[PDB]
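Asker: Data file protein_2.txt (compact mmCIF, N, CA, C and O atoms) is appended below.
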# COMPACT_ATOMS: atom_id res chain seq x y z
N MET A 1 -5.07 13.33 1.97
CA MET A 1 -4.60 12.13 1.16
C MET A 1 -5.29 12.09 -0.23
O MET A 1 -6.18 11.24 -0.56
N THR A 2 -4.81 12.98 -1.09
CA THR A 2 -5.55 13.17 -2.33
C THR A 2 -5.33 12.03 -3.34
O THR A 2 -6.20 11.81 -4.19
N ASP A 3 -4.26 11.22 -3.19
CA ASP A 3 -4.11 10.08 -4.09
C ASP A 3 -4.42 8.77 -3.37
O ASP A 3 -3.87 7.74 -3.76
N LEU A 4 -5.24 8.80 -2.31
CA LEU A 4 -5.63 7.51 -1.66
C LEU A 4 -6.21 6.53 -2.67
O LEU A 4 -7.19 6.85 -3.43
N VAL A 5 -5.71 5.29 -2.67
CA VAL A 5 -6.23 4.25 -3.55
C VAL A 5 -6.75 3.01 -2.78
O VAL A 5 -7.46 2.18 -3.35
N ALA A 6 -6.31 2.84 -1.54
CA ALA A 6 -6.67 1.61 -0.79
C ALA A 6 -6.52 1.84 0.72
O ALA A 6 -5.59 2.52 1.20
N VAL A 7 -7.41 1.18 1.46
CA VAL A 7 -7.37 1.20 2.92
C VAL A 7 -7.65 -0.23 3.36
O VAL A 7 -8.52 -0.89 2.79
N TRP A 8 -6.85 -0.74 4.31
CA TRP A 8 -7.12 -2.07 4.88
C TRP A 8 -7.21 -1.96 6.39
O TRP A 8 -6.40 -1.29 7.05
N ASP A 9 -8.19 -2.66 6.96
CA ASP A 9 -8.41 -2.65 8.42
C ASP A 9 -8.12 -4.08 8.88
O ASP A 9 -8.75 -5.00 8.38
N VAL A 10 -7.06 -4.27 9.65
CA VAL A 10 -6.63 -5.64 9.98
C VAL A 10 -6.54 -5.83 11.49
O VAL A 10 -6.69 -4.85 12.24
N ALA A 11 -6.54 -7.10 11.91
CA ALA A 11 -6.51 -7.42 13.34
C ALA A 11 -5.30 -8.32 13.50
O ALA A 11 -5.20 -9.35 12.83
N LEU A 12 -4.34 -7.85 14.28
CA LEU A 12 -3.12 -8.62 14.54
C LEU A 12 -3.06 -8.95 16.02
O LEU A 12 -3.85 -8.44 16.85
N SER A 13 -2.01 -9.72 16.34
CA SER A 13 -1.66 -10.10 17.70
C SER A 13 -1.79 -8.96 18.71
O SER A 13 -2.20 -9.19 19.86
N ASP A 14 -1.49 -7.74 18.28
CA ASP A 14 -1.56 -6.57 19.16
C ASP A 14 -2.73 -5.61 18.91
O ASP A 14 -2.74 -4.47 19.42
N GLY A 15 -3.75 -6.05 18.17
CA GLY A 15 -4.94 -5.21 18.08
C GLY A 15 -5.18 -4.79 16.64
O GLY A 15 -4.59 -5.37 15.73
N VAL A 16 -6.07 -3.84 16.43
CA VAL A 16 -6.43 -3.53 15.04
C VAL A 16 -5.53 -2.42 14.52
O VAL A 16 -5.00 -1.60 15.29
N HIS A 17 -5.24 -2.49 13.23
CA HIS A 17 -4.39 -1.48 12.60
C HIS A 17 -5.01 -1.03 11.31
O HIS A 17 -5.76 -1.83 10.72
N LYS A 18 -4.85 0.24 10.97
CA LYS A 18 -5.38 0.74 9.69
C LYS A 18 -4.20 1.04 8.77
O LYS A 18 -3.30 1.78 9.18
N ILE A 19 -4.19 0.44 7.59
CA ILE A 19 -3.13 0.70 6.63
C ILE A 19 -3.76 1.45 5.45
O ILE A 19 -4.84 1.03 4.96
N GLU A 20 -3.18 2.59 5.09
CA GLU A 20 -3.72 3.43 4.01
C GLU A 20 -2.62 3.59 2.96
O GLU A 20 -1.44 3.73 3.28
N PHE A 21 -2.99 3.50 1.69
CA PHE A 21 -1.94 3.62 0.64
C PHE A 21 -2.36 4.72 -0.37
O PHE A 21 -3.45 4.65 -0.93
N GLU A 22 -1.47 5.69 -0.61
CA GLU A 22 -1.63 6.64 -1.70
C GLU A 22 -0.74 6.22 -2.86
O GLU A 22 0.39 5.81 -2.65
N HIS A 23 -1.24 6.36 -4.08
CA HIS A 23 -0.44 6.03 -5.22
C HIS A 23 -0.83 7.09 -6.27
O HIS A 23 -2.01 7.20 -6.67
N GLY A 24 0.17 7.84 -6.70
CA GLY A 24 -0.02 8.86 -7.76
C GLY A 24 0.29 8.26 -9.14
O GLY A 24 1.42 7.83 -9.43
N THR A 25 -0.70 8.17 -10.03
CA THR A 25 -0.38 7.45 -11.28
C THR A 25 0.36 8.31 -12.34
O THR A 25 0.88 7.75 -13.31
N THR A 26 0.42 9.63 -12.16
CA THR A 26 1.33 10.45 -12.98
C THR A 26 2.74 10.63 -12.41
O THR A 26 3.74 10.43 -13.11
N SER A 27 2.81 10.81 -11.08
CA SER A 27 4.10 11.06 -10.43
C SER A 27 4.79 9.73 -10.07
O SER A 27 5.95 9.75 -9.71
N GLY A 28 4.03 8.64 -9.94
CA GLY A 28 4.55 7.41 -9.36
C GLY A 28 4.67 7.46 -7.83
O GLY A 28 5.22 6.50 -7.24
N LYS A 29 4.20 8.55 -7.21
CA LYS A 29 4.39 8.69 -5.74
C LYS A 29 3.74 7.49 -5.04
O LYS A 29 2.63 7.04 -5.40
N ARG A 30 4.39 6.97 -4.00
CA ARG A 30 3.77 5.96 -3.11
C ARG A 30 3.89 6.40 -1.66
O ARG A 30 4.96 6.83 -1.23
N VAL A 31 2.80 6.32 -0.90
CA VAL A 31 2.88 6.62 0.55
C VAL A 31 2.09 5.53 1.28
O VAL A 31 0.92 5.27 0.98
N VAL A 32 2.74 4.86 2.23
CA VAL A 32 2.04 3.91 3.07
C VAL A 32 1.91 4.54 4.46
O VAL A 32 2.93 4.93 5.07
N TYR A 33 0.68 4.64 4.98
CA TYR A 33 0.43 5.05 6.38
C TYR A 33 -0.02 3.84 7.17
O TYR A 33 -0.80 3.00 6.68
N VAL A 34 0.52 3.69 8.37
CA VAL A 34 0.02 2.68 9.30
C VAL A 34 -0.41 3.36 10.60
O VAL A 34 0.39 4.08 11.20
N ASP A 35 -1.69 3.25 10.94
CA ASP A 35 -2.24 3.89 12.14
C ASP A 35 -1.96 5.40 12.11
O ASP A 35 -1.67 6.03 13.14
N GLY A 36 -2.11 5.99 10.93
CA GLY A 36 -2.00 7.44 10.69
C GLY A 36 -0.58 7.99 10.54
O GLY A 36 -0.41 9.20 10.35
N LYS A 37 0.42 7.13 10.68
CA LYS A 37 1.82 7.55 10.65
C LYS A 37 2.43 7.08 9.32
O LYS A 37 2.29 5.92 8.95
N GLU A 38 3.16 7.97 8.66
CA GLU A 38 3.82 7.55 7.43
C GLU A 38 4.94 6.49 7.67
O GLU A 38 5.84 6.67 8.49
N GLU A 39 4.87 5.35 6.99
CA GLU A 39 5.88 4.31 7.15
C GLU A 39 6.77 4.28 5.91
O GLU A 39 7.94 3.90 6.00
N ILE A 40 6.18 4.53 4.72
CA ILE A 40 7.03 4.53 3.50
C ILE A 40 6.57 5.73 2.67
O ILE A 40 5.39 5.98 2.59
N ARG A 41 7.53 6.49 2.16
CA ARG A 41 7.22 7.51 1.15
C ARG A 41 8.23 7.46 0.00
O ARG A 41 9.46 7.38 0.22
N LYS A 42 7.73 7.39 -1.22
CA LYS A 42 8.58 7.48 -2.41
C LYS A 42 7.94 8.63 -3.18
O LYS A 42 6.81 8.52 -3.60
N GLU A 43 8.64 9.76 -3.28
CA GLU A 43 8.01 10.96 -3.78
C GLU A 43 7.69 10.85 -5.29
O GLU A 43 6.73 11.47 -5.77
N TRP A 44 8.55 10.17 -6.03
CA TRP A 44 8.44 10.26 -7.50
C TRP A 44 9.10 9.05 -8.13
O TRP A 44 10.24 8.73 -7.77
N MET A 45 8.42 8.34 -9.05
CA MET A 45 9.00 7.12 -9.66
C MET A 45 8.47 7.07 -11.12
O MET A 45 7.37 7.57 -11.41
N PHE A 46 9.26 6.53 -12.03
CA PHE A 46 8.74 6.31 -13.40
C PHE A 46 7.71 5.17 -13.39
O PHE A 46 6.68 5.27 -14.09
N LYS A 47 8.03 4.08 -12.69
CA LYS A 47 7.18 2.89 -12.81
C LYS A 47 6.04 2.88 -11.78
O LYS A 47 6.16 3.46 -10.71
N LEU A 48 4.91 2.29 -12.15
CA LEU A 48 3.79 2.18 -11.21
C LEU A 48 3.69 0.80 -10.55
O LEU A 48 3.42 0.70 -9.32
N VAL A 49 3.98 -0.25 -11.32
CA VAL A 49 3.88 -1.64 -10.75
C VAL A 49 5.04 -1.99 -9.86
O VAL A 49 6.13 -1.42 -9.99
N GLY A 50 4.82 -2.92 -8.94
CA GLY A 50 5.90 -3.31 -8.05
C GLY A 50 5.32 -3.66 -6.69
O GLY A 50 4.23 -4.19 -6.61
N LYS A 51 6.10 -3.43 -5.63
CA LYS A 51 5.70 -3.79 -4.26
C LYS A 51 6.41 -2.90 -3.26
O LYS A 51 7.45 -2.26 -3.57
N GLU A 52 5.77 -2.72 -2.10
CA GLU A 52 6.40 -2.05 -0.96
C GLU A 52 6.21 -3.01 0.21
O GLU A 52 5.15 -3.60 0.37
N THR A 53 7.23 -3.12 1.03
CA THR A 53 7.18 -3.98 2.24
C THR A 53 7.43 -3.11 3.46
O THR A 53 8.31 -2.22 3.48
N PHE A 54 6.72 -3.39 4.54
CA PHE A 54 6.79 -2.54 5.73
C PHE A 54 6.31 -3.38 6.90
O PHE A 54 5.89 -4.54 6.69
N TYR A 55 6.39 -2.82 8.11
CA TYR A 55 6.22 -3.60 9.34
C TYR A 55 5.20 -2.92 10.21
O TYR A 55 5.25 -1.68 10.41
N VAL A 56 4.26 -3.71 10.71
CA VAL A 56 3.06 -3.17 11.33
C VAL A 56 2.99 -3.51 12.83
O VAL A 56 3.09 -4.70 13.22
N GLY A 57 2.75 -2.47 13.63
CA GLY A 57 2.37 -2.65 15.04
C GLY A 57 3.57 -2.95 15.90
O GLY A 57 4.73 -2.89 15.44
N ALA A 58 3.30 -3.28 17.16
CA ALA A 58 4.36 -3.38 18.15
C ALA A 58 5.22 -4.59 17.83
O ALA A 58 6.42 -4.60 18.13
N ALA A 59 4.62 -5.63 17.25
CA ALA A 59 5.36 -6.83 16.87
C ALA A 59 6.02 -6.78 15.49
O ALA A 59 6.61 -7.77 15.06
N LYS A 60 5.93 -5.63 14.81
CA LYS A 60 6.59 -5.44 13.50
C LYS A 60 6.21 -6.60 12.59
O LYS A 60 7.08 -7.23 11.96
N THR A 61 4.92 -6.84 12.41
CA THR A 61 4.44 -7.86 11.52
C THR A 61 4.68 -7.46 10.05
O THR A 61 4.30 -6.37 9.66
N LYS A 62 5.29 -8.35 9.25
CA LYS A 62 5.58 -8.02 7.85
C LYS A 62 4.31 -7.88 7.03
O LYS A 62 3.41 -8.74 7.11
N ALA A 63 4.24 -6.84 6.20
CA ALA A 63 3.09 -6.64 5.31
C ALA A 63 3.65 -6.21 3.97
O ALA A 63 4.64 -5.48 3.94
N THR A 64 3.01 -6.60 2.88
CA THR A 64 3.49 -6.24 1.55
C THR A 64 2.29 -5.67 0.80
O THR A 64 1.22 -6.26 0.83
N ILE A 65 2.45 -4.54 0.12
CA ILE A 65 1.44 -4.13 -0.84
C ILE A 65 2.00 -4.38 -2.23
O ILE A 65 3.07 -3.84 -2.57
N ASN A 66 1.27 -5.14 -3.03
CA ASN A 66 1.67 -5.37 -4.45
C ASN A 66 0.79 -4.52 -5.34
O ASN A 66 -0.41 -4.39 -5.08
N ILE A 67 1.41 -3.94 -6.38
CA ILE A 67 0.70 -3.11 -7.35
C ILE A 67 0.83 -3.81 -8.70
O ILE A 67 1.94 -4.05 -9.16
N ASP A 68 -0.30 -4.23 -9.25
CA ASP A 68 -0.29 -4.92 -10.56
C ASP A 68 -1.18 -4.22 -11.57
O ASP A 68 -2.23 -3.69 -11.20
N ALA A 69 -0.80 -4.24 -12.85
CA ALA A 69 -1.66 -3.66 -13.89
C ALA A 69 -2.85 -4.58 -14.21
O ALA A 69 -2.69 -5.82 -14.21
N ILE A 70 -4.00 -3.98 -14.45
CA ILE A 70 -5.16 -4.73 -14.91
C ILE A 70 -5.75 -4.02 -16.12
O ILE A 70 -5.28 -2.96 -16.49
N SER A 71 -6.82 -4.56 -16.69
CA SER A 71 -7.44 -3.92 -17.85
C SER A 71 -7.87 -2.48 -17.66
O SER A 71 -8.28 -2.05 -16.57
N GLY A 72 -7.89 -1.74 -18.77
CA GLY A 72 -8.48 -0.42 -18.73
C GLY A 72 -7.48 0.58 -18.18
O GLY A 72 -7.87 1.65 -17.70
N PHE A 73 -6.19 0.24 -18.23
CA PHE A 73 -5.18 1.16 -17.75
C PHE A 73 -5.36 1.46 -16.26
O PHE A 73 -5.04 2.54 -15.76
N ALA A 74 -5.80 0.43 -15.53
CA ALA A 74 -6.04 0.54 -14.09
C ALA A 74 -5.01 -0.31 -13.34
O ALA A 74 -4.28 -1.06 -13.94
N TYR A 75 -5.02 -0.22 -12.01
CA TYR A 75 -4.12 -1.01 -11.15
C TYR A 75 -4.89 -1.65 -10.02
O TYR A 75 -5.93 -1.13 -9.58
N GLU A 76 -4.42 -2.81 -9.61
CA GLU A 76 -4.95 -3.42 -8.40
C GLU A 76 -3.91 -3.50 -7.31
O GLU A 76 -2.72 -3.63 -7.59
N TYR A 77 -4.37 -3.37 -6.08
CA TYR A 77 -3.47 -3.18 -4.93
C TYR A 77 -3.79 -4.30 -3.97
O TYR A 77 -4.93 -4.40 -3.52
N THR A 78 -2.82 -5.14 -3.67
CA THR A 78 -3.08 -6.32 -2.83
C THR A 78 -2.24 -6.19 -1.59
O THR A 78 -1.00 -6.16 -1.69
N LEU A 79 -2.89 -6.20 -0.42
CA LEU A 79 -2.13 -6.28 0.85
C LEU A 79 -2.04 -7.74 1.30
O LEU A 79 -3.07 -8.44 1.35
N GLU A 80 -0.81 -8.17 1.56
CA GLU A 80 -0.59 -9.53 2.06
C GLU A 80 0.09 -9.51 3.42
O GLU A 80 1.16 -8.87 3.63
N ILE A 81 -0.52 -10.24 4.35
CA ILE A 81 0.04 -10.37 5.70
C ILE A 81 -0.17 -11.80 6.13
O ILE A 81 -1.27 -12.34 6.01
N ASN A 82 0.90 -12.43 6.61
CA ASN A 82 0.83 -13.82 7.12
C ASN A 82 0.13 -14.76 6.14
O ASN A 82 -0.73 -15.55 6.54
N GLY A 83 0.46 -14.65 4.86
CA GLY A 83 -0.09 -15.54 3.84
C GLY A 83 -1.54 -15.34 3.40
O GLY A 83 -2.04 -16.11 2.57
N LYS A 84 -2.22 -14.34 3.96
CA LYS A 84 -3.61 -13.99 3.58
C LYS A 84 -3.60 -12.61 2.92
O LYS A 84 -2.72 -11.80 3.17
N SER A 85 -4.58 -12.34 2.07
CA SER A 85 -4.50 -11.11 1.28
C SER A 85 -5.86 -10.57 0.90
O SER A 85 -6.88 -11.28 1.01
N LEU A 86 -5.92 -9.28 0.65
CA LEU A 86 -7.15 -8.64 0.24
C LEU A 86 -6.83 -7.60 -0.86
O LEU A 86 -5.95 -6.74 -0.67
N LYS A 87 -7.49 -7.77 -2.01
CA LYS A 87 -7.32 -6.91 -3.19
C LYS A 87 -8.25 -5.70 -3.18
O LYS A 87 -9.46 -5.81 -2.87
N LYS A 88 -7.73 -4.57 -3.66
CA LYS A 88 -8.50 -3.34 -3.87
C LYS A 88 -8.21 -2.85 -5.29
O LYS A 88 -7.13 -3.07 -5.80
N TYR A 89 -9.23 -2.27 -5.92
CA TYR A 89 -9.08 -1.46 -7.14
C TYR A 89 -10.39 -0.66 -7.23
O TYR A 89 -11.39 -1.00 -6.55
N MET A 90 -10.51 0.25 -8.20
CA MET A 90 -11.74 1.09 -8.28
C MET A 90 -12.65 0.82 -9.49
O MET A 90 -12.33 0.04 -10.40
As structure tokens, please, write out the structure in this file.
Answerer:
Amino acid sequence: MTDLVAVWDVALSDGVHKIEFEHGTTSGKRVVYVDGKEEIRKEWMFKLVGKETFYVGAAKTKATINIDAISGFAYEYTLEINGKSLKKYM
């Protein structure tokens, strides 16, 4: 996972899940892994900002990763599940 930018460790109704996100800032590639399995892949995109939505665990809990621009030509990555959220950036 050479473009890994964020990892979230969450506890849902059905146990703990690991969500990993790769984001390529030259290619625009996005990959979301949940519990080691690819759930979303976008190989190549012009734009970097936006959101991906996907479903986690046996109960298919909705999760959204938002990608927003911040200072210094950087991005922040926010995972939101059930109205709570945790931001990552480097």
Asker: Taking all atoms listed in the file into account, which of A:33, A:87, A:26, A:4 comes nearest residue 47 (chain A)?
Answerer: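 That would be A:26, the residue with the smallest distance to residue 47 (chain A).
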Asker: Could you pull out the strand (DSSP E or B) residues of chain A from DSSP and send them as an MDAnalysis selection string?
Answerer: chainID A and resid 4:12 15:23 30:34 37:42 50:56 61:70 74:81 84:88
Asker: I'd like the interatomic distance between atom N of residue 48 (chain A) and atom O of residue 27 (chain A), to a tenth of an Å.
Answerer: 7.9 Å
Asker: Can you measure atom N of residue 78 (chain A) to atom O of residue 44 (chain A) for me? One decimal in Å is fine.
Answerer: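 Taking atom N of residue 78 (chain A) and atom O of residue 44 (chain A), their separation equals 19.5 Å.
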Asker: Please identify all polymer residues within 6 Å of residue 32 (chain A), counting only C-alpha atoms, omitting same-chain residues fewer than 4 positions from it, and present them as a list in words.
Answerer: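 Returned residues: residues 20, 21, 38, 39 and 40 of chain A.
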Asker: Using all atoms listed in the file, which of the listed residues (A:75, A:19, A:53, A:68) sits closest to residue 7 (chain A)?
Answerer: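 Answer, going by the shortest atom-to-atom distance: A:19.
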Asker: Kindly give the distance, in Å, that separates CA of residue 79 (chain A) and atom N of residue 14 (chain A), rounded to a single decimal.
Answerer: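 According to the coordinates, CA of residue 79 (chain A) and atom N of residue 14 (chain A) are separated by 17.5 Å.
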Asker: Which is closer to residue 41 (chain A) than all the others in A:55, A:22, A:17, A:84, using all atoms listed in the file?
Answerer: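 Among A:55, A:22, A:17, A:84, it is A:22 that comes nearest to residue 41 (chain A).
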Asker: In terms of the shortest atom-to-atom distance over only C-alpha atoms, which of A:81, A:70, A:45, A:12 is closest to residue 30 (chain A)?
Answerer: A:45
